[PDB]
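For reference, data_28.cif is printed below; it contains mmCIF, C-alpha atoms (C1' of nucleotides); chains and numbers go by the auth columns.
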```cif
data_entry
loop_
_atom_site.group_PDB
_atom_site.id
_atom_site.type_symbol
_atom_site.label_atom_id
_atom_site.label_comp_id
_atom_site.label_asym_id
_atom_site.label_seq_id
_atom_site.Cartn_x
_atom_site.Cartn_y
_atom_site.Cartn_z
_atom_site.B_iso_or_equiv
_atom_site.auth_seq_id
_atom_site.auth_asym_id
ATOM 1 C CA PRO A 1 -13.088 81.323 -26.444 0.00 121 N
ATOM 2 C CA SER A 2 -12.499 85.071 -26.035 0.00 122 N
ATOM 3 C CA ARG A 3 -9.808 86.407 -28.347 0.00 123 N
ATOM 4 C CA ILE A 4 -8.920 89.207 -25.941 0.00 124 N
ATOM 5 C CA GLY A 5 -8.813 86.766 -23.053 0.00 125 N
ATOM 6 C CA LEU A 6 -6.119 84.497 -24.461 0.00 126 N
ATOM 7 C CA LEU A 7 -4.285 87.036 -26.611 0.00 127 N
ATOM 8 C CA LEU A 8 -3.679 89.092 -23.488 0.00 128 N
ATOM 9 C CA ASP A 9 -3.739 85.816 -21.517 0.00 129 N
ATOM 10 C CA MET A 10 -5.853 86.990 -18.596 0.00 130 N
ATOM 11 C CA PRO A 11 -8.776 85.073 -17.067 0.00 131 N
ATOM 12 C CA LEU A 12 -12.045 86.278 -18.529 0.00 132 N
ATOM 13 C CA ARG A 13 -13.453 87.066 -15.082 0.00 133 N
ATOM 14 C CA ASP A 14 -10.901 89.806 -14.471 0.00 134 N
ATOM 15 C CA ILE A 15 -11.358 91.432 -17.870 0.00 135 N
ATOM 16 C CA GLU A 16 -15.096 91.254 -17.217 0.00 136 N
ATOM 17 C CA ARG A 17 -14.602 93.139 -13.959 0.00 137 N
ATOM 18 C CA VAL A 18 -12.229 95.707 -15.462 0.00 138 N
ATOM 19 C CA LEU A 19 -14.329 96.493 -18.523 0.00 139 N
ATOM 20 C CA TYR A 20 -17.361 97.395 -16.384 0.00 140 N
ATOM 21 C CA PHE A 21 -15.578 99.783 -13.997 0.00 141 N
ATOM 22 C CA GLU A 22 -15.408 97.815 -10.769 0.00 142 N
ATOM 23 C CA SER A 23 -11.640 97.340 -10.350 0.00 143 N
ATOM 24 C CA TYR A 24 -8.250 98.635 -11.459 0.00 144 N
ATOM 25 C CA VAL A 25 -5.451 97.180 -13.568 0.00 145 N
ATOM 26 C CA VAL A 26 -1.819 98.277 -13.672 0.00 146 N
ATOM 27 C CA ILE A 27 -0.334 99.106 -17.067 0.00 147 N
ATOM 28 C CA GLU A 28 3.442 99.068 -16.593 0.00 148 N
ATOM 29 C CA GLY A 29 3.740 98.844 -12.810 0.00 149 N
ATOM 30 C CA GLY A 30 7.527 99.012 -12.857 0.00 150 N
ATOM 31 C CA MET A 31 9.946 100.380 -10.268 0.00 151 N
ATOM 32 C CA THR A 32 7.599 99.165 -7.527 0.00 152 N
ATOM 33 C CA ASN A 33 6.202 96.023 -5.912 0.00 153 N
ATOM 34 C CA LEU A 34 3.540 95.621 -8.602 0.00 154 N
ATOM 35 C CA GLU A 35 3.804 93.511 -11.752 0.00 155 N
ATOM 36 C CA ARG A 36 2.670 94.176 -15.323 0.00 156 N
ATOM 37 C CA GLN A 37 -1.051 93.410 -15.057 0.00 157 N
ATOM 38 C CA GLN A 38 -2.028 92.808 -11.449 0.00 158 N
ATOM 39 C CA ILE A 39 -5.669 93.489 -10.641 0.00 159 N
ATOM 40 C CA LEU A 40 -6.728 95.692 -7.737 0.00 160 N
ATOM 41 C CA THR A 41 -9.892 96.415 -5.837 0.00 161 N
ATOM 42 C CA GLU A 42 -10.876 100.056 -5.438 0.00 162 N
ATOM 43 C CA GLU A 43 -9.589 100.230 -1.866 0.00 163 N
ATOM 44 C CA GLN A 44 -6.459 98.332 -2.883 0.00 164 N
ATOM 45 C CA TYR A 45 -5.772 100.908 -5.590 0.00 165 N
ATOM 46 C CA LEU A 46 -6.272 103.760 -3.137 0.00 166 N
ATOM 47 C CA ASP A 47 -3.936 102.126 -0.614 0.00 167 N
ATOM 48 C CA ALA A 48 -1.306 101.350 -3.250 0.00 168 N
ATOM 49 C CA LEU A 49 -1.256 104.877 -4.654 0.00 169 N
ATOM 50 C CA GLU A 50 -1.149 106.180 -1.081 0.00 170 N
ATOM 51 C CA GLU A 51 1.988 104.186 -0.267 0.00 171 N
ATOM 52 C CA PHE A 52 3.298 104.574 -3.835 0.00 172 N
ATOM 53 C CA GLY A 53 2.205 107.992 -5.054 0.00 173 N
ATOM 54 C CA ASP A 54 4.977 107.651 -7.642 0.00 174 N
ATOM 55 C CA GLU A 55 4.324 107.380 -11.370 0.00 175 N
ATOM 56 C CA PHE A 56 3.107 103.777 -11.683 0.00 176 N
ATOM 57 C CA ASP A 57 -0.140 103.839 -13.654 0.00 177 N
ATOM 58 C CA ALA A 58 -3.209 101.737 -12.838 0.00 178 N
ATOM 59 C CA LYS A 59 -6.242 102.559 -14.956 0.00 179 N
ATOM 60 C CA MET A 60 -9.833 101.332 -15.004 0.00 180 N
ATOM 61 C CA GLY A 61 -11.729 100.053 -18.025 0.00 181 N
ATOM 62 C CA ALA A 62 -11.687 100.242 -21.800 0.00 182 N
ATOM 63 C CA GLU A 63 -8.878 102.787 -21.932 0.00 183 N
ATOM 64 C CA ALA A 64 -6.748 100.552 -19.719 0.00 184 N
ATOM 65 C CA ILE A 65 -7.405 97.545 -21.943 0.00 185 N
ATOM 66 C CA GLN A 66 -6.563 99.551 -25.055 0.00 186 N
ATOM 67 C CA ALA A 67 -3.285 100.804 -23.615 0.00 187 N
ATOM 68 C CA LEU A 68 -2.341 97.338 -22.398 0.00 188 N
ATOM 69 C CA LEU A 69 -2.976 95.773 -25.806 0.00 189 N
ATOM 70 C CA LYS A 70 -1.276 98.540 -27.780 0.00 190 N
ATOM 71 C CA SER A 71 1.718 98.255 -25.420 0.00 191 N
ATOM 72 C CA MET A 72 2.725 94.757 -26.579 0.00 192 N
ATOM 73 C CA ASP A 73 4.994 93.302 -29.253 0.00 193 N
ATOM 74 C CA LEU A 74 3.560 90.264 -31.009 0.00 194 N
ATOM 75 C CA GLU A 75 6.418 88.385 -32.664 0.00 195 N
ATOM 76 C CA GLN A 76 8.710 88.864 -29.660 0.00 196 N
ATOM 77 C CA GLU A 77 6.027 87.359 -27.442 0.00 197 N
ATOM 78 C CA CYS A 78 5.810 84.547 -29.986 0.00 198 N
ATOM 79 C CA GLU A 79 9.532 83.880 -29.612 0.00 199 N
ATOM 80 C CA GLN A 80 9.283 83.843 -25.823 0.00 200 N
ATOM 81 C CA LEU A 81 6.273 81.529 -25.868 0.00 201 N
ATOM 82 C CA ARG A 82 7.811 79.073 -28.333 0.00 202 N
ATOM 83 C CA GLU A 83 10.986 79.009 -26.245 0.00 203 N
ATOM 84 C CA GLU A 84 8.912 78.253 -23.143 0.00 204 N
ATOM 85 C CA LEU A 85 6.828 75.667 -25.026 0.00 205 N
ATOM 86 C CA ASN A 86 10.046 73.888 -26.009 0.00 206 N
ATOM 87 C CA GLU A 87 9.398 71.885 -22.832 0.00 207 N
ATOM 88 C CA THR A 88 8.032 72.109 -19.288 0.00 208 N
ATOM 89 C CA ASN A 89 5.499 70.992 -19.913 0.00 209 N
ATOM 90 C CA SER A 90 3.703 68.925 -22.561 0.00 210 N
ATOM 91 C CA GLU A 91 0.674 67.990 -20.436 0.00 211 N
ATOM 92 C CA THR A 92 -1.853 70.838 -20.755 0.00 212 N
ATOM 93 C CA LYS A 93 0.476 73.792 -21.110 0.00 213 N
ATOM 94 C CA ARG A 94 1.344 72.208 -24.449 0.00 214 N
ATOM 95 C CA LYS A 95 -2.221 72.739 -25.660 0.00 215 N
ATOM 96 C CA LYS A 96 -2.517 76.168 -24.054 0.00 216 N
ATOM 97 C CA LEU A 97 0.719 77.529 -25.503 0.00 217 N
ATOM 98 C CA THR A 98 0.005 75.990 -28.898 0.00 218 N
ATOM 99 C CA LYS A 99 -3.340 77.797 -28.999 0.00 219 N
ATOM 100 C CA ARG A 100 -1.850 81.092 -27.843 0.00 220 N
ATOM 101 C CA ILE A 101 1.016 80.853 -30.333 0.00 221 N
ATOM 102 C CA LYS A 102 -1.489 80.035 -33.062 0.00 222 N
ATOM 103 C CA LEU A 103 -3.421 83.216 -32.336 0.00 223 N
ATOM 104 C CA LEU A 104 -0.299 85.362 -31.997 0.00 224 N
ATOM 105 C CA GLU A 105 1.113 84.133 -35.300 0.00 225 N
ATOM 106 C "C1'" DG B 1 2.410 71.237 -10.647 0.00 1 R
ATOM 107 C "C1'" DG B 2 -0.796 67.508 -12.580 0.00 2 R
ATOM 108 C "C1'" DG B 3 -4.074 64.057 -13.879 0.00 3 R
ATOM 109 C "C1'" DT B 4 -8.453 63.797 -12.892 0.00 4 R
ATOM 110 C "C1'" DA B 5 -13.780 64.850 -12.031 0.00 5 R
ATOM 111 C "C1'" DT B 6 -17.496 68.053 -11.823 0.00 6 R
ATOM 112 C "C1'" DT B 7 -19.861 72.185 -13.084 0.00 7 R
ATOM 113 C "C1'" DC B 8 -21.293 76.150 -16.185 0.00 8 R
ATOM 114 C "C1'" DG B 9 -22.674 78.044 -20.066 0.00 9 R
ATOM 115 C "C1'" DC B 10 -23.404 78.153 -25.056 0.00 10 R
ATOM 116 C "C1'" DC B 11 -25.260 75.860 -29.318 0.00 11 R
ATOM 117 C "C1'" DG B 12 -29.026 73.378 -31.802 0.00 12 R
ATOM 118 C "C1'" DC B 13 -33.821 71.711 -32.388 0.00 13 R
ATOM 119 C "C1'" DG B 14 -38.791 70.661 -40.604 0.00 14 R
ATOM 120 C "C1'" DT B 15 -40.899 73.063 -45.124 0.00 15 R
ATOM 121 C "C1'" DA B 16 -44.643 75.704 -47.598 0.00 16 R
ATOM 122 C "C1'" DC B 17 -49.135 78.198 -47.251 0.00 17 R
ATOM 123 C "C1'" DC B 18 -54.006 80.533 -45.394 0.00 18 R
ATOM 124 C "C1'" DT B 19 -57.023 83.556 -41.711 0.00 19 R
ATOM 125 C "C1'" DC B 20 -57.312 87.009 -37.831 0.00 20 R
ATOM 126 C "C1'" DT B 21 -55.630 91.050 -34.267 0.00 21 R
ATOM 127 C "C1'" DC B 22 -52.287 94.634 -32.273 0.00 22 R
ATOM 128 C "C1'" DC B 23 -47.993 98.043 -32.526 0.00 23 R
ATOM 129 C "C1'" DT B 24 -44.987 103.013 -25.710 0.00 24 R
ATOM 130 C "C1'" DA B 25 -46.250 105.866 -21.224 0.00 25 R
ATOM 131 C "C1'" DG B 26 -46.782 109.452 -19.006 0.00 26 R
ATOM 132 C "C1'" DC B 27 -46.457 114.581 -18.174 0.00 27 R
ATOM 133 C "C1'" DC B 28 -47.562 119.237 -19.561 0.00 28 R
ATOM 134 C "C1'" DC B 29 -48.896 123.316 -21.511 0.00 29 R
ATOM 135 C "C1'" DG B 30 -51.695 125.915 -24.677 0.00 30 R
ATOM 136 C "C1'" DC B 31 -56.199 126.278 -25.188 0.00 31 R
ATOM 137 C "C1'" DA B 32 -61.579 126.249 -25.843 0.00 32 R
ATOM 138 C "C1'" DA B 33 -65.527 126.585 -23.230 0.00 33 R
ATOM 139 C "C1'" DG B 34 -68.332 127.801 -19.481 0.00 34 R
ATOM 140 C "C1'" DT B 35 -69.141 130.525 -15.552 0.00 35 R
ATOM 141 C "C1'" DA B 36 -69.729 134.081 -11.103 0.00 36 R
ATOM 142 C "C1'" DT B 37 -68.690 138.618 -10.544 0.00 37 R
ATOM 143 C "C1'" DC B 38 -68.283 143.530 -11.191 0.00 38 R
ATOM 144 C "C1'" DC B 39 -69.408 147.601 -13.120 0.00 39 R
ATOM 145 C "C1'" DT B 40 -73.353 149.946 -15.777 0.00 40 R
ATOM 146 C "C1'" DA B 41 -77.707 152.033 -15.984 0.00 41 R
ATOM 147 C "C1'" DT B 42 -82.843 153.643 -14.205 0.00 42 R
ATOM 148 C "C1'" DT B 43 -86.189 155.581 -9.887 0.00 43 R
ATOM 149 C "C1'" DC B 44 -86.865 158.106 -4.925 0.00 44 R
ATOM 150 C "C1'" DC B 45 -84.834 161.185 -0.885 0.00 45 R
ATOM 151 C "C1'" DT B 46 -81.733 165.018 1.589 0.00 46 R
ATOM 152 C "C1'" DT B 47 -77.449 168.438 1.036 0.00 47 R
ATOM 153 C "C1'" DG B 48 -73.967 172.699 -0.651 0.00 48 R
ATOM 154 C "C1'" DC B 49 -72.689 176.339 -3.646 0.00 49 R
ATOM 155 C "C1'" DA B 50 -73.460 179.800 -7.550 0.00 50 R
ATOM 156 C "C1'" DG B 51 -76.570 182.829 -9.983 0.00 51 R
ATOM 157 C "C1'" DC B 52 -80.058 186.468 -9.284 0.00 52 R
ATOM 158 C "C1'" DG B 53 -84.314 189.564 -8.731 0.00 53 R
ATOM 159 C "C1'" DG B 54 -84.988 193.265 -5.648 0.00 54 R
ATOM 160 C "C1'" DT B 55 -84.492 196.776 -3.060 0.00 55 R
#
```
This entry written out as structure tokens:
Amino acid sequence: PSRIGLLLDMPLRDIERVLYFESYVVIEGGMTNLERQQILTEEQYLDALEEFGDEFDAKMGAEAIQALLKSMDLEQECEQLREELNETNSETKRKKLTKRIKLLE
DNA sequence: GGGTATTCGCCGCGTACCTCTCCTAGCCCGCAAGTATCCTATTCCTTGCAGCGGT
């Protein structure tokens, strides 16, 4: 498994695309339609910034990954994930959240 | 969502020794060597100007 992939909890395909400069990823993406870490195609990024030339940041590549990682709190995420793992559901999400919590702790 | 099947990709496949060969490709710029050419002489001829005896 890829430690980045499941620490940040993003499918490895999308990090593969981002880290070789063929897409865009939002960093904070607040005060707008976008979420924390949506992926964008080049044209999608151009269109989004056109309609939303406000301050939402969407970077491209290693710098974006670094900012996204450095912009996270570990133990708080651990609390949220253990609360969610409390139940709903112990079928495969049980295994997934146990692994992610193991890495985070 | 969720239990399940199917696919993709990574990991692995004996020890010790002996002999031999071969180990980047391509451009480029100084540079040695070798050469064809150009200026350098000699001999003949017919002019153009300065001295010069002569009166």
Which residues of chain N come within 10 Å of chain R, and for each one, what is the closest pair of atoms and their distance in Å to one decimal, counting all atoms listed in the file, sorted by chain and residue number, as a tab-separated table?
```
residue	atom	partner	partner_atom	distance
N:209	CA	R:1	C1'	9.8
N:211	CA	R:2	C1'	8.0
N:212	CA	R:2	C1'	8.9
```
### Message
Taking the file as I've supplied it (selection: the PyMOL selection byres ((chain N and resi 184) around 12)), which residues are included? Please answer as JSON, numbers by chain.
### Response
{"N": [135, 138, 139, 140, 141, 143, 144, 145, 146, 147, 148, 157, 159, 177, 178, 179, 180, 181, 182, 183, 185, 186, 187, 188, 189, 190, 191]}
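For the atom pair formed by CA of residue 123 (chain N) and CA of residue 142 (chain N), the distance is 21.7 Å, given to one decimal.
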Mind working out the centre and edge lengths of an axis-aligned box for region 203-222 of chain N, all listed atoms inside, 3 Å added to each side, rounded to one decimal in Å and written as JSON?
```
{"center_x": 3.8, "center_y": 74.5, "center_z": -26.2, "size_x": 20.3, "size_y": 19.1, "size_z": 19.8}
```
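The space separating CA of residue 156 (chain N) from CA of residue 121 (chain N) comes to 23.2 Å.
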Working from the structure I just supplied, which lacks atoms in region 157-171 of chain N, can you model N, CA, C and O atoms there and output them as a PDB file, in the frame of the given file?
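Final file, out.pdb:
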```
ATOM      1  N   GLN N 157       0.401  93.376 -14.902  1.00  0.00           N
ATOM      2  CA  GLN N 157      -1.051  93.410 -15.057  1.00  0.00           C
ATOM      3  C   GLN N 157      -1.746  92.802 -13.844  1.00  0.00           C
ATOM      4  O   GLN N 157      -2.673  92.002 -13.964  1.00  0.00           O
ATOM      5  N   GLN N 158      -1.301  93.180 -12.651  1.00  0.00           N
ATOM      6  CA  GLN N 158      -2.028  92.808 -11.449  1.00  0.00           C
ATOM      7  C   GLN N 158      -3.368  93.529 -11.409  1.00  0.00           C
ATOM      8  O   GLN N 158      -3.497  94.660 -11.882  1.00  0.00           O
ATOM      9  N   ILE N 159      -4.372  92.866 -10.847  1.00  0.00           N
ATOM     10  CA  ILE N 159      -5.669  93.489 -10.641  1.00  0.00           C
ATOM     11  C   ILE N 159      -5.733  94.032  -9.220  1.00  0.00           C
ATOM     12  O   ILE N 159      -5.058  93.548  -8.309  1.00  0.00           O
ATOM     13  N   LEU N 160      -6.567  95.050  -9.030  1.00  0.00           N
ATOM     14  CA  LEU N 160      -6.728  95.692  -7.737  1.00  0.00           C
ATOM     15  C   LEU N 160      -8.198  95.992  -7.499  1.00  0.00           C
ATOM     16  O   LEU N 160      -8.935  96.334  -8.427  1.00  0.00           O
ATOM     17  N   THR N 161      -8.616  95.861  -6.247  1.00  0.00           N
ATOM     18  CA  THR N 161      -9.892  96.415  -5.837  1.00  0.00           C
ATOM     19  C   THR N 161      -9.757  97.926  -5.684  1.00  0.00           C
ATOM     20  O   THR N 161      -8.658  98.478  -5.675  1.00  0.00           O
ATOM     21  N   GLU N 162     -10.899  98.605  -5.578  1.00  0.00           N
ATOM     22  CA  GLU N 162     -10.876 100.056  -5.438  1.00  0.00           C
ATOM     23  C   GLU N 162     -10.036 100.472  -4.236  1.00  0.00           C
ATOM     24  O   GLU N 162      -9.112 101.289  -4.352  1.00  0.00           O
ATOM     25  N   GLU N 163     -10.338  99.898  -3.070  1.00  0.00           N
ATOM     26  CA  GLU N 163      -9.589 100.230  -1.866  1.00  0.00           C
ATOM     27  C   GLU N 163      -8.124  99.846  -2.010  1.00  0.00           C
ATOM     28  O   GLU N 163      -7.239 100.551  -1.514  1.00  0.00           O
ATOM     29  N   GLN N 164      -7.846  98.722  -2.671  1.00  0.00           N
ATOM     30  CA  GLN N 164      -6.459  98.332  -2.883  1.00  0.00           C
ATOM     31  C   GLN N 164      -5.730  99.360  -3.734  1.00  0.00           C
ATOM     32  O   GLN N 164      -4.570  99.683  -3.467  1.00  0.00           O
ATOM     33  N   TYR N 165      -6.393  99.883  -4.764  1.00  0.00           N
ATOM     34  CA  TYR N 165      -5.772 100.908  -5.590  1.00  0.00           C
ATOM     35  C   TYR N 165      -5.513 102.168  -4.783  1.00  0.00           C
ATOM     36  O   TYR N 165      -4.442 102.779  -4.896  1.00  0.00           O
ATOM     37  N   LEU N 166      -6.482 102.576  -3.962  1.00  0.00           N
ATOM     38  CA  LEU N 166      -6.272 103.760  -3.137  1.00  0.00           C
ATOM     39  C   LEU N 166      -5.097 103.558  -2.188  1.00  0.00           C
ATOM     40  O   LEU N 166      -4.232 104.433  -2.064  1.00  0.00           O
ATOM     41  N   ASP N 167      -5.037 102.402  -1.530  1.00  0.00           N
ATOM     42  CA  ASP N 167      -3.936 102.126  -0.614  1.00  0.00           C
ATOM     43  C   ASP N 167      -2.601 102.108  -1.348  1.00  0.00           C
ATOM     44  O   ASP N 167      -1.613 102.684  -0.875  1.00  0.00           O
ATOM     45  N   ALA N 168      -2.553 101.451  -2.507  1.00  0.00           N
ATOM     46  CA  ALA N 168      -1.306 101.350  -3.250  1.00  0.00           C
ATOM     47  C   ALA N 168      -0.812 102.721  -3.680  1.00  0.00           C
ATOM     48  O   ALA N 168       0.364 103.045  -3.495  1.00  0.00           O
ATOM     49  N   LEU N 169      -1.691 103.546  -4.251  1.00  0.00           N
ATOM     50  CA  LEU N 169      -1.256 104.877  -4.654  1.00  0.00           C
ATOM     51  C   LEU N 169      -0.893 105.722  -3.445  1.00  0.00           C
ATOM     52  O   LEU N 169      -0.025 106.597  -3.541  1.00  0.00           O
ATOM     53  N   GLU N 170      -1.529 105.475  -2.298  1.00  0.00           N
ATOM     54  CA  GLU N 170      -1.149 106.180  -1.081  1.00  0.00           C
ATOM     55  C   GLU N 170       0.288 105.860  -0.694  1.00  0.00           C
ATOM     56  O   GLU N 170       1.100 106.764  -0.470  1.00  0.00           O
ATOM     57  N   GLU N 171       0.624 104.570  -0.614  1.00  0.00           N
ATOM     58  CA  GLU N 171       1.988 104.186  -0.267  1.00  0.00           C
ATOM     59  C   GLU N 171       2.965 104.452  -1.403  1.00  0.00           C
ATOM     60  O   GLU N 171       4.170 104.572  -1.156  1.00  0.00           O
TER      61      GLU N 171
END
```
